[PDB]
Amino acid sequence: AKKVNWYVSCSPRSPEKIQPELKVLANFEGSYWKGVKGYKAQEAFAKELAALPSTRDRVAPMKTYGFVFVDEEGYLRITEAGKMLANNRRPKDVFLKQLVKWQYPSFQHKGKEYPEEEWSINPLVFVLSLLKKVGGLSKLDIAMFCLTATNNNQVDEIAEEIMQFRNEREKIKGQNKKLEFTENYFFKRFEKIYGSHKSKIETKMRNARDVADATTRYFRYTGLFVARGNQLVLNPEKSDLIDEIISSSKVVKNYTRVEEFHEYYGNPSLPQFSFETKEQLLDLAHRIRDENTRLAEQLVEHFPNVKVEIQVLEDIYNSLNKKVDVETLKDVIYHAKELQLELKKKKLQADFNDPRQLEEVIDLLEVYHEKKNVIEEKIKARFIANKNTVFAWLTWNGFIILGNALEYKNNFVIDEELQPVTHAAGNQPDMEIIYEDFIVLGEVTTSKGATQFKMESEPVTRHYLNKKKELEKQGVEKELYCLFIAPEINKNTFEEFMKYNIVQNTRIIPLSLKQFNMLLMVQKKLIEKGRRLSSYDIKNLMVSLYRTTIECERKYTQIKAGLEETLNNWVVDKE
């Protein structure tokens, strides 16, 4: 069949899950991977991969992005880029270079299915060029206009097409009217592309939306794209790099034979960018240093928890006193950008001095009281991420609002402008908030009732108990607490956590969403008076709420009334 769309695999739909897969797979280099002989190694790979906290489907994206291949002699090979990713060496940069070289046709996609007459496109560079024209693209815009683009020369065509669709769309007045126009236009377009019947043309529309979701996750992971509202846009801090990616991008023709193609495609040094010399990488390293220094110096007086990053900045750059080569500079540049992201988290503290920025987080959190239909439409209008990940994102902004932490360790994925992308892994809490003399894990859910009990009871207590174990191994002498936050906390989930606190020595504190927002309103009201919560105030809240859970008499009614009692004493104390 002649394909009419390119796609980003949803297995996994988020790219940070590839590294553990590929690390497992690298143990199978030199194994035979094709034909009757190949069956043995592939099943062994599935057995080991399973232990992580269909095989053909799992490998296909690692073939698509140039991490692995099968040589003409049939053996499994790991490209150099695959070697870098498996070793977790600058993984976001590996993905950027691989996804820039990514092309149709390729070794994975060639022949009759993808004839040169139709196919000549670098998917990511295409969206870069398109974005230049149309400013932003929602996931739906990607599902409608971008997946069916097959050639880099359609940028202007589709750019013009999108502006006409949007100008006609605006003329429709009422939101519900606009949905019909959008779904019909979407329906009509896929009918000419892919031409009961209704389901077949509808399933293609659903798949387009599922693929556009993974596409946004993979593109934002490169850093070249961020999210503004529910729209994918170019990263304004990457403008010069984007221009050079567009100008130097190409579809190579030497893709029919596997060795010749992956000599190019598997090389993570390619494309080599202009600034990737020792001289210009020194400039880039220093330019990032002055950006981070400016960021920290603006905050250090009112927010001395930025000293954490200041000291890490120093550790990173003092490597350059030992060696000044291209590899060390790239490590210096990559770590300093991660550290810049941490400084932006601390910077949010200063922004939240503005009450409307602070009140934004509170009002966004109140949406979750609303029925499920109201929440999804309100979140989809303002975020690319799903409503569950955004809840973790809001609660994590809530902690930033309260202040005083040395580290606001989100475990869910954010992009280069701190917007949410993907949920936290299942073997990790949604966030870890590290203070000077205590740690607070954050676990949130939008689920209710019996599904909430099944969904959270074991993962929450497991995350707490694993973190406690790891703190002891590390020798960190800090009390560990966990805040469990849901719009409505199920009775059974509450009582299982109370059991764990008193029987297994956990320190899990269930707060309703209403009670978590109460903490934000208290801090908001203190900022109006020129005051703010101290680290002590937050520690005192955790200790007291924890003491209530193990000292109150073993009655769900009395412990719940005690927690509200303890919380109201802390709030009245702030006056």
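Heads up: residue numbers just count along the shown sequence, starting at 1.
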Exercise for review: Count up the deposited residues without coordinates from residue 53 to residue 54 and drop the result into none, 1 to 3, 4 to 9, or 10 or more.
Suggested key: 10 or more
Exercise for review: If the chain runs straight from residue 195 to residue 196, say none; otherwise bin the unmodelled deposited residues as 1 to 3, 4 to 9, or 10 or more.
Suggested key: 10 or more
Exercise for review: Could you settle it for me: does 447-455 or 289-297 have the higher average Cα B factor in the PDB entry?
Suggested key: 447-455
Revision key, fill the gap. Ranked by mean Cα B-factor in the entry, 59-67 and 43-51, top stretch is 43-51
Review point. Which one of 394, 384, 172, 226 shows the top CA temperature factor in the record?
Key: 172
Revision key, fill the gap. Residue set 202, 416, 93, 342, per-entry CA B-factor max assigned to 202
Review point. Relative to the other modelled residues in the chain, which third contains the C-alpha temperature factor of residue 543: lowest, middle or highest?
Key: lowest
Exercise for review: Check where residue 110 lands among this chain's C-alpha B-factors and tell me if it's the lowest, middle or highest third.
Suggested key: highest
**Study point:** residue 524 by Cα B-factor - lowest, middle or highest third of the modelled chain
**Key:** middle
Exercise for review: Sort the modelled residues of this chain by their C-alpha B factor and say whether residue 181 lands in the lowest, middle or highest third.
Suggested key: highest
Review point. In terms of the chain's CA B-factor thirds, is residue 372 lowest, middle or highest?
Key: highest
